[PDB]
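Okay, so here's the structure we're looking at.
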Amino acid sequence: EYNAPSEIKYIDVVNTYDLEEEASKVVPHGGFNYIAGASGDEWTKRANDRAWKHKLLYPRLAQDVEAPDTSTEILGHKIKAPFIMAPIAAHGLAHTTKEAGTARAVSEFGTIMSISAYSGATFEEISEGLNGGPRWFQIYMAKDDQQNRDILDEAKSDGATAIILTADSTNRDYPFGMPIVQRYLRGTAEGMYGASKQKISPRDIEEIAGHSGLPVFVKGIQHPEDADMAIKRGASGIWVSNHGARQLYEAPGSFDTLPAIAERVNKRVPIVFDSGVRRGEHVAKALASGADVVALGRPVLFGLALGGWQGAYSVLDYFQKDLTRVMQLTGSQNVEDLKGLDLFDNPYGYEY
Amino acid sequence: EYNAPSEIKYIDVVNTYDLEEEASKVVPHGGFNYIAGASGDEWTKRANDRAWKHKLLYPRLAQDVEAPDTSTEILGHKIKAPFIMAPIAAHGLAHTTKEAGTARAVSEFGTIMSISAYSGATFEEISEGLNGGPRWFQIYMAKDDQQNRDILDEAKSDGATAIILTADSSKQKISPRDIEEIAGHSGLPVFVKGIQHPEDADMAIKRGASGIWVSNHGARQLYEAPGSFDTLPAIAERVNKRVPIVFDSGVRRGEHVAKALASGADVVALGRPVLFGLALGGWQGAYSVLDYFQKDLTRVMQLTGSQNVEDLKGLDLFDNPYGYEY
Amino acid sequence: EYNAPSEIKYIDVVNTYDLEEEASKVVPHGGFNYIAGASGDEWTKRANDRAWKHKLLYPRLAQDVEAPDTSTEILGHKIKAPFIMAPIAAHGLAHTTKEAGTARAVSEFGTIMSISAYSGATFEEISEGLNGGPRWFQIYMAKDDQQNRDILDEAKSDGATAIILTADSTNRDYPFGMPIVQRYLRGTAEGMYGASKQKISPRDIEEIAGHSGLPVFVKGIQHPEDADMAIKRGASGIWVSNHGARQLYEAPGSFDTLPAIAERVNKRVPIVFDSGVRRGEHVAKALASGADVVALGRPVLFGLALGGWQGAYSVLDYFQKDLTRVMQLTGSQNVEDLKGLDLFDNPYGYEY
Ligand SMILES: Cc1cc2nc3c(=O)[nH]c(=O)nc-3n(C[C@H](O)[C@H](O)[C@H](O)COP(=O)(O)O)c2cc1C
Ligand SMILES: Cc1cc2nc3c(=O)[nH]c(=O)nc-3n(C[C@H](O)[C@H](O)[C@H](O)COP(=O)(O)O)c2cc1C
Ligand SMILES: Cc1cc2nc3c(=O)[nH]c(=O)nc-3n(C[C@H](O)[C@H](O)[C@H](O)COP(=O)(O)O)c2cc1C
C-alpha cells in the first residue's frame, strides 16, 4: 500500500537542511513531495527561509556567570527549550510509528505535542507515545456546529490543555484515513476536507473560545489587524504562521511578519511563531522579535522518517544544543535574555 | 514657618493643566516652585508634554458590546485603573496632611501608593492613611551596605510589596552592580526607575530587576534630554515582556494613559497633578484628580473602540512627523 | 601523521582568492577544511566578503606631490603598512615551519605578529622566526584565575607589547598539541578548550586589564555598546572581528559593523579591524571607516602553505603593493589620507 520507513535509531544531526534530501531517499516519492512541497513554485517557502537573513544576530559580552539554561514556560507548562511541535497531518507518510513516534520524541525531550485533527494515528496510539506529556489539539472550523462540539469534547477528553484553531482549510504548480475526525464524522456525509470553512472569521473564533473551556490559539495569523481582532474575539494566543508556505502563494516570509504582529499584540497573549525554523539562530531571532516559543515542523518529520522516535528526538536535541551555543555567543544566560536581543537590520537581504 | 494649605474638599477637575496655576495661588512660593519646577529653562519638561503629540490616537469602531472597564493588575494586585502614584518627596510642601493625605486618596481610589525615600510623614502616619492599601517603597542606593539592608528589611516589615530603586539621587548614580545587590537582598520585586535608554533596561533586567520604570523624574534631573514618552517604545521593544513597565513624566490626560499603554507600558505613574490636587483639597482634592483620570480614560476607551485595558495595549497610533506646531 | 607542505619559495600573488584553491592542492583535506571553513553554511563568511561592496571607493584628484607612503604607527610601533597578522591557531596545519614561518614573514616585512594561545609552535621556535620583531599575545579567559596569571606572565616574559583578549571561546553544517598553554596546564586536569569561559564579561576585561601590565585589545566586538563597555572596563583597544565567521552564524559581515563601533569608540582607543580582508581596497575601506589597522588571516596562511615564510611574505608584499595603487587612485599620499576618504554608499549590495 505505502512503504513508510520503520527503522528506529538516533541520528547525528549536523544541520536540518540535509535531513530533507536524506529523507527523500527513504520516504516514498508521493509522501515525500506532500511533506516537502509548498504552494506555487515554492517562492514563499524560500521566503520563509531567506527571511532569517533580514535580521542578523550580534555576538555580545556576557553579564552573568551561570551556564545557559534553555528552559521556559508557556501556559504554565515548564518546557525544556522554547520550541514545541507544530500540528502536522499524516505522520505515517514519514514513518510507520507515525504520530505515536513523534509524540514519544516530544514527550521524552520535554516539550508540548500538537495533535493535528488530520492525524493518521488514533488518539490511543498517540497517547501511548505521549506517556503523560502535555498536548494541544489542532482543529479546523466545521461548517456544522455539532462537529465543532464533537471535536472540542474529544480534545478535552484527550487531556488537551489548549486548542489550536487553524484559520485556513484544506495550490502547487493519500493512503490512510483520519481516525480522530472519523470518530465523530462516521454516518454523516462529511465522513464519506470540505466539512470545514475555508477561512475563519472573528465570529468563529468567538464561538470556539466560548465553548472550548481551554485557551484557544488562532493559527495562521500574518497581519497585525487580524491579531487584534482575534484577541478581541477571545483568542488566548496568536500563532504566527503561513503553515510552512502550504497555503497562500506570493505572500511574505513568515518571520518578516512577526515584529508587526508582536508590536500589536503587545503582551496581551502568548505568541507561537512558525514557518521556516531550521536553526538555533532562528529560535533566538524569533524570541528576540516577540515570540514566546517557536513551533517545529518539517525537520522533526524528516528526523522521524530517518529514525522513528529516536530520529525525531535527535532533531529536538540538535535544536536545543544549537540554541545553547547561540546563547553563549550572544551573551544570553536564559530564554528571557534571548527576548532582549538587539538584531542587526540587513537591508540587502539574502545575496548581501 | 511654612503655611501649607489645610482644607479638605473635592474639586471639579476639568483638566490637570489648570491645577498648576490654581495650586500656585494656595501654595507658598518657595514650595510651589519646588514642585512645579524642572531643570534648565524647563525645555525638557515642555518636551515631556509635547511628546504626546508625536503619536496620535485614532477613533475606531467597537468590537465588543460591554461598557469600558479600566481595571488592571500589576504584580498580582488588582487596581481600579492603569495608573499608580509616583514616589514624590515632601508632600507637606503641598498640604498639611502631607503623605497621609495622598495615601488616603490613593487607597480610597483603589490603586498603589509609592512612598518616597524623603517622606515628611512618619510611616505610622502614612499607614493610617493607607488603611491596608498596597504600597511600594522608593529608595536611593546608600553607600553603606548595612543601611541598604536595613531599609529593605524595614520596607518589607512595613508591608511594601515592591521596591523602587531610583537610578539618580546616597550614590548619585547607580550601576548594574548596585541593582544586583538590591535585587539579591530585598525579598521583593525591584523596579529600576529613571530608565530612558534601552541598553540600560536590558542591563537592569540582567542584573535582577523585576520591573523597569521609564522616567526622567518629571524633567527634574538631566536637562536637554528627550521627552520621556519618546523613549518608551525603544525600551518596550527591548524589554520585550520580560518584566512589567511603569511609565511616567508628563502624564496629564486620559489620552496620555492610553498612548503609554499602546506603546508598551503596563501602567503609568502620576505625579504633579495629584500633588496639585492635594494642595487644593487634601485627600479629597488628590482623589478628585485620580477620579478625573479614570473618567477621562473611560471616554478615550469609548472613542478608540476599547472595552478594557488590554484593548488599549493593542491600539495603533498615528505617527505625527510634524510635532507640536503641526 | 600529518603531511604538511614544507617548500619555501616566493609566490607571484595576483589576488588572494586564488590562494585558497591553490592551497587546497597542497594542504591535507582535513587541515585545509579547518582553515578554510566557517560556521553554518558559510553564509556569514560570504557576508564578510560581500560587505566590501556596500561602500565603494571614489577615484579622487591628488593634493600632494609626494610618492605614496604606506607606513603607520600603532601603540608607538612604526610598521611598514597598516596591517598586522591576526592570531591564528595551529599554523602547522598549513606548513611544517608553522608559526616560526609566519613570524619570519611578518618580522621581515616589518609589521606586528599576533601569537595565538593555541600555537602549535613553542615560543622559542616562534622567537627564532620573529628575530626581535614586535609581537602581541592572544589569550582566552580561563575559568581558573591562576591560568590567567600564568599566561599573562608568559606573555610579558615573551616580550609581548599587547594582549589580545578574545571574547569567544572554542558550529559547521587535530594532529598536534599546544605547547604555549601546556607549559602551564601540565599536571592540571585542564591540560589532559573547556578551560576557558565560553564568553567574556566586562568584569573579565577589567581583571585582565588590571593585571596584564600591557594594553589589552578586546577581540570579537561587533556591537557598539560592547565597545563602550569594554573601554569602560579598561580595554586599551577594540578589535572588531567575528573571527573570520568561525563563531556566530547568521550574523552581519564584519565590515558592516565597523562604522557604528568607530563612531562610539570616538578615538578613545585604537581599533584593529578584521574578518574578510582580501584586497588593498579592503584595507583602504577599513581605514576610511575608522580602523587604525586591519589584521590579515587566511590569505597569509594560504601563502604559508604554498611557500613557507617566503610565500607568506609574498602575500604581505601583495597587500602593500595593492594598497599603494589604491592610494594613487584615491589621491592619497599616506595612511592618514586613507582615513579621510569619502565612500560611495551602495544600497543595491553585491548583485548591484
Ligand atoms: C506535511 C505537513 C502537514 C501539515 N498539516 C497541518 C495540519 O494538519 N494542521 C495545521 O494547522 N498545520 C499543518 N501543517 C503546518 C504546520 O503546522 C506548520 O505551520 C509548518 O510545518 C511550519 O513550517 P516548517 O515546517 O517549514 O518550519 C502541516 C505542514 C506540513 C509540513
Ligand atoms: C515635587 C517632586 C518631588 C519628587 N520626588 C521624588 C522622589 O522622592 N523620588 C523619586 O523617585 N522621584 C521623585 N520625583 C519624580 C516622580 O516620581 C515622577 O517621576 C514625576 O513626578 C513624574 O513627572 P510628572 O509629575 O510631571 O508627570 C519627584 C517629582 C516632583 C514633582
Ligand atoms: C584557521 C583559523 C584559526 C584561528 N584561530 C584563532 C585563535 O586562535 N584565536 C583568535 O583570537 N582568533 C583565531 N582565528 C581568527 C583570526 O584571528 C581572524 O579573526 C580571522 O582569521 C580573520 O578572518 P579572515 O582570515 O577570513 O580575514 C582563527 C582563524 C582561522 C582562519
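Residues in the C-alpha cells are named by chain (A, B, ... in the order shown) and by number from 1 within that chain; ligands are numbered from 1 in the order shown.
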
- [ ] Find the residues of chain C in contact range of chain B, meaning any atom within 12 Å when counting only C-alpha atoms, and list them as a list in words.
- [x]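 My answer is residues 202, 203, 223, 224, 225, 226, 228 and 229 of chain C.
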
Which residues of chain B come within 9 Å of ligand 2, and for each one, what is the closest pair of atoms and their distance in Å to one decimal, counting only C-alpha atoms and all ligand atoms, sorted by chain and residue number, as a tab-separated table?
residue	atom	partner	partner_atom_place_in_ligand_line	distance
B:31	CA	ligand 2	1 (C)	8.7
B:32	CA	ligand 2	1 (C)	8.6
B:33	CA	ligand 2	1 (C)	8.8
B:34	CA	ligand 2	1 (C)	6.0
B:35	CA	ligand 2	1 (C)	3.8
B:36	CA	ligand 2	31 (C)	6.4
B:37	CA	ligand 2	31 (C)	7.7
B:38	CA	ligand 2	31 (C)	8.4
B:45	CA	ligand 2	26 (O)	7.3
B:48	CA	ligand 2	26 (O)	7.7
B:49	CA	ligand 2	26 (O)	8.4
B:85	CA	ligand 2	17 (O)	8.1
B:86	CA	ligand 2	17 (O)	4.3
B:87	CA	ligand 2	17 (O)	4.3
B:88	CA	ligand 2	5 (N)	3.5
B:89	CA	ligand 2	8 (O)	3.9
B:90	CA	ligand 2	3 (C)	7.1
B:91	CA	ligand 2	1 (C)	7.8
B:93	CA	ligand 2	1 (C)	8.6
B:114	CA	ligand 2	17 (O)	8.4
B:115	CA	ligand 2	8 (O)	8.0
B:116	CA	ligand 2	8 (O)	4.5
B:117	CA	ligand 2	8 (O)	5.7
B:118	CA	ligand 2	8 (O)	5.5
B:119	CA	ligand 2	8 (O)	7.4
B:138	CA	ligand 2	11 (O)	6.2
B:139	CA	ligand 2	11 (O)	7.4
B:140	CA	ligand 2	11 (O)	7.9
B:164	CA	ligand 2	11 (O)	7.4
B:165	CA	ligand 2	11 (O)	7.5
B:166	CA	ligand 2	11 (O)	5.0
B:167	CA	ligand 2	11 (O)	8.1
B:168	CA	ligand 2	11 (O)	8.0
B:169	CA	ligand 2	9 (N)	8.0
B:193	CA	ligand 2	11 (O)	6.8
B:194	CA	ligand 2	19 (O)	7.6
B:213	CA	ligand 2	19 (O)	8.9
B:214	CA	ligand 2	19 (O)	8.5
B:215	CA	ligand 2	19 (O)	5.6
B:216	CA	ligand 2	19 (O)	6.2
B:217	CA	ligand 2	19 (O)	3.4
B:218	CA	ligand 2	23 (O)	3.2
B:219	CA	ligand 2	23 (O)	7.0
B:220	CA	ligand 2	29 (C)	7.0
B:247	CA	ligand 2	19 (O)	8.6
B:248	CA	ligand 2	22 (C)	5.2
B:249	CA	ligand 2	23 (O)	3.4
B:250	CA	ligand 2	27 (O)	3.7
B:251	CA	ligand 2	27 (O)	4.7
B:252	CA	ligand 2	27 (O)	6.8
B:269	CA	ligand 2	22 (C)	6.9
B:270	CA	ligand 2	27 (O)	5.5
B:271	CA	ligand 2	25 (O)	3.3
B:272	CA	ligand 2	25 (O)	3.8
B:273	CA	ligand 2	25 (O)	6.6
B:274	CA	ligand 2	25 (O)	8.1
B:275	CA	ligand 2	1 (C)	7.9

Considering only C-alpha atoms, tabulate each residue of chain A that lies at most 6 Å from chain C along with its nearest interatomic pair and the corresponding distance in Å to one decimal; arrange the rows by chain and ascending residue number and present them as a Markdown table.
| residue | atom | partner | partner_atom | distance |
| --- | --- | --- | --- | --- |
| A:14 | CA | C:173 | CA | 5.3 |
| A:15 | CA | C:173 | CA | 5.2 |
| A:56 | CA | C:251 | CA | 4.6 |
| A:57 | CA | C:251 | CA | 4.7 |
| A:58 | CA | C:251 | CA | 6.0 |
| A:61 | CA | C:201 | CA | 5.3 |
| A:62 | CA | C:201 | CA | 4.6 |
| A:63 | CA | C:201 | CA | 5.7 |
| A:348 | CA | C:349 | CA | 5.8 |
| A:352 | CA | C:349 | CA | 5.7 |

Proximity check chain A to ligand 1, 9 Å, nearest pairs one decimal Å, only C-alpha atoms and all ligand atoms, as a tab-separated table:
residue	atom	partner	partner_atom_place_in_ligand_line	distance
A:31	CA	ligand 1	1 (C)	8.6
A:32	CA	ligand 1	1 (C)	8.6
A:33	CA	ligand 1	1 (C)	8.8
A:34	CA	ligand 1	1 (C)	6.0
A:35	CA	ligand 1	1 (C)	3.7
A:36	CA	ligand 1	31 (C)	6.4
A:37	CA	ligand 1	31 (C)	7.8
A:38	CA	ligand 1	31 (C)	8.5
A:45	CA	ligand 1	26 (O)	7.2
A:48	CA	ligand 1	26 (O)	7.7
A:49	CA	ligand 1	26 (O)	8.4
A:85	CA	ligand 1	17 (O)	8.2
A:86	CA	ligand 1	17 (O)	4.4
A:87	CA	ligand 1	17 (O)	4.2
A:88	CA	ligand 1	5 (N)	3.6
A:89	CA	ligand 1	8 (O)	4.0
A:90	CA	ligand 1	3 (C)	7.0
A:91	CA	ligand 1	1 (C)	7.7
A:93	CA	ligand 1	1 (C)	8.5
A:114	CA	ligand 1	17 (O)	8.4
A:115	CA	ligand 1	8 (O)	8.1
A:116	CA	ligand 1	8 (O)	4.6
A:117	CA	ligand 1	8 (O)	6.2
A:118	CA	ligand 1	8 (O)	5.3
A:119	CA	ligand 1	8 (O)	7.3
A:138	CA	ligand 1	11 (O)	6.1
A:139	CA	ligand 1	11 (O)	7.3
A:140	CA	ligand 1	11 (O)	7.8
A:164	CA	ligand 1	11 (O)	7.3
A:165	CA	ligand 1	11 (O)	7.4
A:166	CA	ligand 1	11 (O)	5.0
A:167	CA	ligand 1	11 (O)	8.1
A:168	CA	ligand 1	11 (O)	8.0
A:169	CA	ligand 1	9 (N)	8.4
A:170	CA	ligand 1	7 (C)	8.7
A:219	CA	ligand 1	11 (O)	6.7
A:220	CA	ligand 1	19 (O)	7.6
A:239	CA	ligand 1	19 (O)	8.9
A:240	CA	ligand 1	19 (O)	8.6
A:241	CA	ligand 1	19 (O)	5.6
A:242	CA	ligand 1	19 (O)	6.2
A:243	CA	ligand 1	19 (O)	3.3
A:244	CA	ligand 1	23 (O)	3.1
A:245	CA	ligand 1	23 (O)	6.9
A:246	CA	ligand 1	29 (C)	7.0
A:273	CA	ligand 1	19 (O)	8.7
A:274	CA	ligand 1	22 (C)	5.2
A:275	CA	ligand 1	23 (O)	3.4
A:276	CA	ligand 1	27 (O)	3.7
A:277	CA	ligand 1	27 (O)	4.8
A:278	CA	ligand 1	27 (O)	6.8
A:295	CA	ligand 1	22 (C)	7.0
A:296	CA	ligand 1	27 (O)	5.5
A:297	CA	ligand 1	25 (O)	3.3
A:298	CA	ligand 1	25 (O)	3.8
A:299	CA	ligand 1	25 (O)	6.5
A:300	CA	ligand 1	25 (O)	8.1
A:301	CA	ligand 1	31 (C)	7.8

- [ ] Find the residues around residue 191 of chain C up to 12 Å (only C-alpha atoms counted), leave out those fewer than 5 positions away in its own chain, and share them as a list in words.
- [x]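 The neighbour list is residues 147, 177, 178, 179, 180, 181, 182, 183, 184, 185, 186 and 196 of chain C.
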
TODO: Please measure the separation of atom CA of residue 23 of chain C and atom CA of residue 302 of chain C, giving the value in Å to one decimal.
DONE: 5.5 Å

- [ ] Would you mind listing what lies within 8 Å of residue 99 of chain C as a ChimeraX atom specification, with only C-alpha atoms counted and same-chain residues fewer than 3 positions away left out?
- [x] /C:90-92,102-103,119-121,125-126,129

- [ ] Mind checking which residues fall within 12 Å of residue 105 of chain C, counting only C-alpha atoms, ignoring those fewer than 5 positions away in the same chain, and posting them as a PyMOL selection string?
- [x] chain C and resi 8-10+84-85+97-100+110-113+126+128-131+133+300-301+303-304+307-317

Open item on the list: Just to confirm, what's the straight-line distance from atom CA of residue 257 of chain B to atom CA of residue 192 of chain B in Å (one decimal)?
Closed with: 20.3 Å

- [ ] From a DSSP pass on the backbone, collect the residues of segment 94-343 of chain A flagged as strand (DSSP E) and hand them back as a PyMOL selection string.
- [x] chain A and resi 113-115+135-139+163-166+216-221+237-240+271-273+293-296+343

Open item on the list: I want to know what sits within 10 Å of residue 185 of chain B, based on only C-alpha atoms, with residues of the same chain fewer than 4 positions away left out; could you give that as a list in words?
Closed with: residues 148, 149, 152, 153, 180 and 181 of chain B

TODO: Could you please write out, as a ChimeraX atom specification, every residue of segment 54-210 of chain C that DSSP assigns to helix (DSSP H, G or I)?
DONE: /C:54,91-93,98-109,123-130,145-157,179-185,189-191,202-210

Task: Contacts of segment 223-237 of chain B at 7 Å (only C-alpha atoms; same-chain gap of 3+ positions) as a VMD selection string - done: chain B and resid 39 to 40 43 to 44 47 to 48 51 to 52 196 to 198 201 214 to 216 240 249 263 to 264

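Considering the residues C:234, C:5, C:134, C:30 and counting only C-alpha atoms and all ligand atoms, ligand 3 has its shortest atom-to-atom contact with C:30.
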